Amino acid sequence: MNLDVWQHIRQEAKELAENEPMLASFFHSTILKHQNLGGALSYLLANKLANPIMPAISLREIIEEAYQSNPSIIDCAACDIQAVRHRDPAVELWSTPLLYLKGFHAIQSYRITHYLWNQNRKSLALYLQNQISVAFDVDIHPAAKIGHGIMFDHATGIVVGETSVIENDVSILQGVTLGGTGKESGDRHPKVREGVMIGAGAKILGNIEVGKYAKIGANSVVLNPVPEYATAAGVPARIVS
């Protein structure tokens, strides 16, 4: 659930350090030498988003503070790991999401920009919003609201707008946009309810509702609300009974 997640990854790292000496020091530095998930995650995120403007060493303190303050940030990471492990047939190890999956890195990094944005650090948040778009190819406005148990499989090209809401247990694939229309401010982005699965390349535009457990077809363009448990596909999207 949480303690299980970190111990599954802890036990795995030991074995993978033995099988691949070239990464032994990486497994030790990232996983094996820390006492909890936050230690591994702040380390990995700091390194992936580093830049001389804001070096890993500086970034890590900012990340740790965030974790110390709102610990739930780490619980959500634990749940996201479990989601990928449970919904992605290609994933066979608990440590894989944590170490190599840019979609998962993008999500946890967004949790940091979301935290900064709500701590009155808009500049640093926009600066990291871009770092995240660059390092992971995922662009999430810091003010978007995203829950836990979320999976961004492959992730390249995902874009989530300012007023977006993604509830728990949502899965999103490469090239999917949750964007808006109009040159005005206010609610103009999608509300994706829990359990929703979005196919690769789908574009959901406007402040529209995406019912829970709905399935959105690859390359579908959703412009109108999608009932709960329904399947929308096509351009524009239609409900396929």
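Sequential numbering from 1, following the sequence displayed.
When the mean C-alpha temperature factors of 193-201 and 61-69 are read from the deposited coordinates, 61-69 comes out higher. Note on 142-150 vs 103-111: mean CA B-factor is higher in 142-150. Of the residues listed, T30, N51, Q174, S185, the entry assigns the biggest Cα temperature factor to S185.
Ranked by C-alpha B-factor against the other modelled residues of its chain, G179 falls in the middle third. Ranked within its chain, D88 lands in the middle third, by CA B factor from the PDB record.
The PDB entry assigns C79 a C-alpha temperature factor belonging to the highest third of its chain's modelled residues. Per-chain ranking of the deposited C-alpha B factor places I208 in the highest third. The entry lists a Cα temperature factor for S220 that places it in the middle third of the chain's modelled residues.
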